[PDB]
Protein chains: 2
Amino acid sequence: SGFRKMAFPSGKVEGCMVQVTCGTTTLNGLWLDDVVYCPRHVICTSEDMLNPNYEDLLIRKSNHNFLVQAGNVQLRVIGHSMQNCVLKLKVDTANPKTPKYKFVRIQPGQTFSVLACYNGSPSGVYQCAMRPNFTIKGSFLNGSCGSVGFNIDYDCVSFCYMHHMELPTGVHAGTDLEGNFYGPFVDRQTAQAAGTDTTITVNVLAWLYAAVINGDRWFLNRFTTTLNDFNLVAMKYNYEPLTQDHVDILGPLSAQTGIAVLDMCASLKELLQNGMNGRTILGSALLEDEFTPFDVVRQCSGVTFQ
Amino acid sequence: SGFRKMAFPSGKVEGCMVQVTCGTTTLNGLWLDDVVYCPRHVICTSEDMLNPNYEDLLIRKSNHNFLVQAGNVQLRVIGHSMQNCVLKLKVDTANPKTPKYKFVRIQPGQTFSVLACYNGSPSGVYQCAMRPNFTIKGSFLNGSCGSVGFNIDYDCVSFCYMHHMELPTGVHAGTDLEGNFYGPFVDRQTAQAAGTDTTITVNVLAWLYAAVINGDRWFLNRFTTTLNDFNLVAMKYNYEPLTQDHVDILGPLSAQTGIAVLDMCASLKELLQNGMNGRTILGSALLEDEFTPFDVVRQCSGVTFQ
Ligand SMILES: *[C@](O)(C(N)=O)[C@H](CC1CCC1)NC(=O)[C@@H]1[C@@H]2[C@H](CN1C(=O)[C@@H](NC(=O)NC(C)(C)C)C(C)(C)C)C2(C)C
Ligand SMILES: *[C@](O)(C(N)=O)[C@H](CC1CCC1)NC(=O)[C@@H]1[C@@H]2[C@H](CN1C(=O)[C@@H](NC(=O)NC(C)(C)C)C(C)(C)C)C2(C)C
């Protein structure tokens, strides 16, 4: 019983966090095997910022301009390269704590855990989603750049996010671990329009199923809807279109609860049109969209990690 | 920028989680040095449950009736004792991953991180508060007993909760790591009245300060209130009394924001009386009470852990 915004256990990632310094700029890096990955803007000066030429900036640097600190221990940089918006620092020592890992570029609507760090030291862990507009609503202060997002599957850490910047609305932008930004963003100080966000419909449906699994049925109704008629209402409320593939993905939850997907869509329609009239669902007065179908199955089923 | 329900990094605790089996009952234990701590009801049969005599039950057990598994490795139990509602299993091997630790019995209104585990393996981490009625609103399934709650301060893990049981409302009850229940609960299957819960006023105020720090002032007003007149309104809305000690604890946040505590109390009063009229605070449509003053300072300041 219960339902919480649950992060993955962070231990496998904590062992990979380091501090990278170049000049007066210090941020975090990710140490896997003998490579440290970090945002390339570590190489920039404040005045380099409106349109840095990173190729030009990096050619002017030497291995010895990079200081990497793992705990108390300085790691010697023996090589460096740039891949998209990430810098790869080859170091003299392979990380003995390297977990089994992969790099993944996630789709909008997928969730991940963030290990927020400062000066190479973990501060906290929380769950995020990749928004439809390719921002994340994180909690990041000065010094958190290079903090990473991840998912865990059995023993394998799948890294999917590295933090780079804050947008004027207070939301966050960054890259995959190959250095490609999510969204239209670039690592320069130029005005940058974040698209208008939308609500992740398939996730709202997943969380309504979680509410049912946990014993709460008050928002259910006797109605059904067609997919087409549901999507007409979704559009009006700034919800993402629901596809047949989303319907299929919700199959396991529909089967467990005995509530067909399009019957749950009729409940969501009624909630969008009527509100909650002072009632809550899983302790929220808003419809929650940062749980995927898999997140619900995981937490209502008790999957663990090796 | 941003504000999330943030847990502590769990790595130091993950290294301490083990599986304990006695008969047909399997749950989690906490392995520190050469001792494994777990709920004493691991020794019970289903039929032992309405009023077990645990002294009588334990005298009938031998070291070899306890199976402890750390990962793939079986640890030999070489001694056993009962302390209140926890069983202490002395094992042949000291845990090489034992962190610096303490055991703490927390006050109602304090928060902690839970590492939910199953069969000795961590599943996820989330933040909880000890409610005024000494329950927690966790996420726990069959097999999660023996999962622990904790706080971290520099390098020191302060354990404060071990999970034992679920109450009929879906909330959770358990003990400190010395085996004393929080609240009036006992580890038997007898009807057990959980008191009527209340909202943690000092924490709501802390979270309103967090909202201001993060740039949002819409709920502020020009009014002030006396403590006495605030508490008269608190009572009507089932909020805990605010004391002068709470006011003092909110000092740092009041100083950082330039908003006196009793001025923030006037904003909360107006929110209780008027509602939010369709507005949100830090992404919530409800007033959030599971952040302490210290949690806010930590997350709006970037404290890390050694
Ligand atoms: C990280 O590098 C770090 N040291 O932790 C840093 C975190 C931010 C949070 C305060 C400092 N990231 C940057 O400084 C990043 C680098 C420049 C400027 N950056 C920003 O995040 C700025 N945002 C911004 O310029 N947004 C646009 C471009 C107007 C949309 C800040 C004003 C928040 C510093 C680059 C290379 C993008
Ligand atoms: C843990 O032992 C475990 N194996 O993980 C287990 C978790 C619960 C969640 C389903 C099993 N805890 C117990 O089984 C615990 C033990 C008995 C019964 N327990 C309960 O939690 C029961 N609740 C209960 O009896 N509540 C009262 C007493 C009516 C208020 C369940 C009905 C949830 C099993 C004891 C010793 C309390």
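Throughout, protein chains are lettered first and strands after them, A, B, ... in sequence-line order, and every chain is numbered starting at 1. Whatever order the structure lists them in is the order used to number ligands and atoms, beginning at 1.
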Check your understanding: Looking only at heavy atoms, is any part of A/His41 under 4.0 Å from ligand 1, and if so is it the side chain, the backbone, or both, or is it neither?
Key -> side chain

Practice item. Go through the steps to decide whether A/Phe3 and A/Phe291 satisfy the test ring pair (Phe, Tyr, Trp, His ring centres under 6.0 Å), and finish with yes or no. Key: CA-CA 11 Å; A/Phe3 202 76; A/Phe291 295 96; 4.7 Å; yes

Point to revise | Nearest-neighbour protein heavy atom for atom 27 (C) of ligand 1, which is reported as residue plus atom name and distance | key: A/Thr190 O, 3.8 Å

**Study point:** Donor-acceptor pair, side chain of A/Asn214 and main chain of A/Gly2, under 3.5 angstrom
**Key:** yes

Point to revise | Protein non-hydrogen atom found under 4.0 Å from atom 37 (C) of ligand 1 | key: yes

Point to revise | Distance under 6.0 Å and angle within 45° of ring axis: A/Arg105 vs A/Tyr182 | key: yes

Practice item. Look at atom 11 (C) of ligand 1 and say which protein heavy atom is nearest, naming residue and atom and giving the distance to 0.1 Å. Key: A/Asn142 OD1, 3.6 Å

Review point. Hey, is ligand 2 close enough to B/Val186 that some N/O pair sits below 3.5 Å?
Key: no

Point to revise | side chain to side chain contact (heavy atoms under 4.5 Å, CB included) between B/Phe66 and B/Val36, intermediate numbers included | key: CA-CA 11 Å; B/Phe66 296 103; B/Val36 173; over 6 Å; no

Review point. Would you find a donor on one side and an acceptor on the other, under 3.5 Å apart, between the side chain of A/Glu166 and the backbone of A/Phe140?
Key: no

Revision key, fill the gap. For atom 19 (N) of ligand 2, the closest protein heavy atom turns out to be B/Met165 CB, 4.3 Å

Review point. Has ligand 1 got any nitrogen or oxygen that is less than 3.5 angstrom from a nitrogen or oxygen of A/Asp187?
Key: no

Check your understanding: For ligand 1, is A/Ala191 a contact, meaning one of its heavy atoms is under 4.0 Å away?
Key -> no

Check your understanding: With backbone taken as N, CA, C and O and side chain as the heavy atoms from C-beta onward, which portion of B/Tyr54 lies under 4.0 Å from ligand 2: side chain, backbone, both, or neither?
Key -> side chain

Exercise for review: Identify, by atom number and element, the atoms of ligand 2 in contact range of B/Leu167, meaning under 4.0 Å from any of its heavy atoms.
Suggested key: 30 (C)

Practice item. Please confirm whether B/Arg4 makes a cation-pi placement over A/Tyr126, using NZ or CZ under 6.0 Å from the six-membered ring centre and within 45° of the ring normal. Key: no

Point to revise | B/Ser144 N/O under 3.5 Å from ligand 2 N/O | key: yes

Revision key, fill the gap. If we number the atoms of ligand 1 from 1 as shown, the ones under 4.0 Å from a heavy atom of A/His164 are 12 (N), 13 (C), 15 (C)

Point to revise | Test side-chain hydrogen bond (donor to acceptor under 3.5 Å, both in side chains) applied to A/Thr135 and A/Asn133, step by step | key: CA-CA 6 Å; A/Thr135 67; A/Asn133 72 355; 2.8 Å; yes

Review point. Just to confirm, does any protein heavy atom lie below 4.0 Å from atom 13 (C) of ligand 1?
Key: yes

**Study point:** Backbone N/O of B/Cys38 and side chain of B/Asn28: donor-acceptor pair under 3.5 Å
**Key:** no

**Study point:** Numbered atoms of ligand 1 (with element) below 4.0 Å of A/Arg188, judged on heavy atoms
**Key:** 28 (C)

**Study point:** B/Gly143 N/O under 3.5 Å from ligand 2 N/O
**Key:** yes

Check your understanding: What protein heavy atom is closest to atom 21 (O) of ligand 1, reported as residue, atom name and distance in Å?
Key -> A/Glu166 N, 3.1 Å

Check your understanding: Do B/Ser10 and A/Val125 touch side chain to side chain, with heavy atoms closer than 4.5 Å?
Key -> no

Check your understanding: Taking A/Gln83 for the side chain and A/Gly179 for the main chain, is one N or O donor matched with an acceptor at less than 3.5 Å?
Key -> no

Practice item. In sequence, state the C-alpha distance, the side-chain angles, and the governing distance for A/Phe103 and A/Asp176, and then conclude on side chain to side chain contact (heavy atoms under 4.5 Å, CB included). Key: CA-CA 8 Å; A/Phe103 291 168; A/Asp176 65 31; over 6 Å; no

Check your understanding: Is NZ or CZ of A/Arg298 both nearer than 6.0 Å to the six-membered ring centre of A/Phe8 and within 45° of the ring axis?
Key -> yes

Review point. Is the closest protein non-hydrogen atom to atom 3 (C) of ligand 1 under 4.0 Å?
Key: yes

Study note, to complete from the structure: Looking only at protein heavy atoms, what sits closest to atom 25 (O) of ligand 2 is B/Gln189 CG, 3.6 Å

**Study point:** B/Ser123 side chain to A/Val303 backbone, donor-acceptor under 3.5 Å
**Key:** yes

Practice item. May I ask whether atom 32 (C) of ligand 2 is less than 4.0 Å from at least one protein heavy atom? Key: no

Practice item. Return the residue, atom name and 0.1 Å-rounded distance of the protein heavy atom closest to atom 7 (C) of ligand 1. Key: A/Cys145 SG, 3.1 Å

Review point. Under 4.0 angstrom from ligand 1, any heavy atom of A/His163?
Key: no

Check your understanding: Which ligand 1 atoms are under 4.0 Å away from a heavy-atom of A/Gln192?
Key -> 28 (C), 30 (C)

